[PDB]
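**Q** pasting the sequence and an experimental structure:
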Amino acid sequence: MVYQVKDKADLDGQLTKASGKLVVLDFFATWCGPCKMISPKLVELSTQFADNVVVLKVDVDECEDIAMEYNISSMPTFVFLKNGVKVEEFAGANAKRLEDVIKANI
């Protein structure tokens, strides 16, 4: 249930559509090794929590405006939004942190 936003407008639409569910933003790149290692674990968690969580992927190279808005420096960066509140954020391919943070926000 992972969807790649095409631009800022599309993200804003996806945010409003997600309503009160936890949104996980995965800031990634196609050249980023750790981003790909965590990819399968992310996909799993999105299916596992389909009825509570929306996972959006943001290719930093494609949506440079969004990466800049969220001040991405490290990759992957997971940003967690709930009703417009940026509730948590961390970076790195830390499977346990990713799972803990999701569960902590549902």
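**A** On my side now, so go ahead. Numbers count the residues shown, from 1 in each chain.
**Q** not counting residues beside it along the chain, what's closest to the most centrally placed residue in the chain?
**A** Centroid-nearest residue in the chain: residue 25, 1.7 Å away (criterion: Cα atoms, centre = their mean). Ranked by Cβ to Cβ, 6 or more residues apart in numbering and with sequence neighbours excluded, the top spatial neighbour of residue 25 is residue 79, at 4.1 Å. The way it works is simple: take the backbone N, C-alpha and C, and place the C-beta from them, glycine included.
**Q** and whichever strand or helix holds the one you found, what does it pack against?
**A** Secondary-structure assignment from DSSP states H and E places residue 79 in strand 77-82. Strand 77-82 is packed against strand 22-28, strand 85-91, helix 95-104, with contacts defined by 3 or more Cβ pairs under 8 Å, 6 or more residues apart in numbering; DSSP states H and E.
**Q** again, 10 Å this time
**A** With contacts taken as 3 or more Cβ pairs under 10 Å, 6 or more residues apart in numbering; DSSP states H and E, strand 77-82 sits against helix 8-18, strand 22-28, helix 33-48, strand 53-59, strand 85-91, helix 95-104.
**Q** what angle sits between it and strand 53-59?
**A** Relative orientation of strand 77-82 versus strand 53-59 (axes from the mean of the first three to the mean of the last three Cα atoms, to 10 degrees): 140 degrees.
**Q** give me the sheet partners of strand 77-82 and which way each runs.
**A** Strand 77-82 has the following strand partners under DSSP bridges: strand 22-28 (antiparallel), strand 85-91 (antiparallel).
**Q** looking at these, which is buried most?
**A** For the strands paired with strand 77-82, the largest average neighbour count (mean count of other Cβ atoms under 10 Å) is found in strand 22-28, namely a mean of 24.
**Q** now the phi/psi pair for residue 60, please.
**A** Main-chain torsions, residue 60, degrees, to the nearest 10: phi -60, psi -30.
**Q** contacting residues around residue 67?
**A** Neighbouring residues of residue 67 by Cβ atoms under 10 Å, 6 or more residues apart in numbering: 27, 29, 58, 59, 60, 61, 73, 75, 77.
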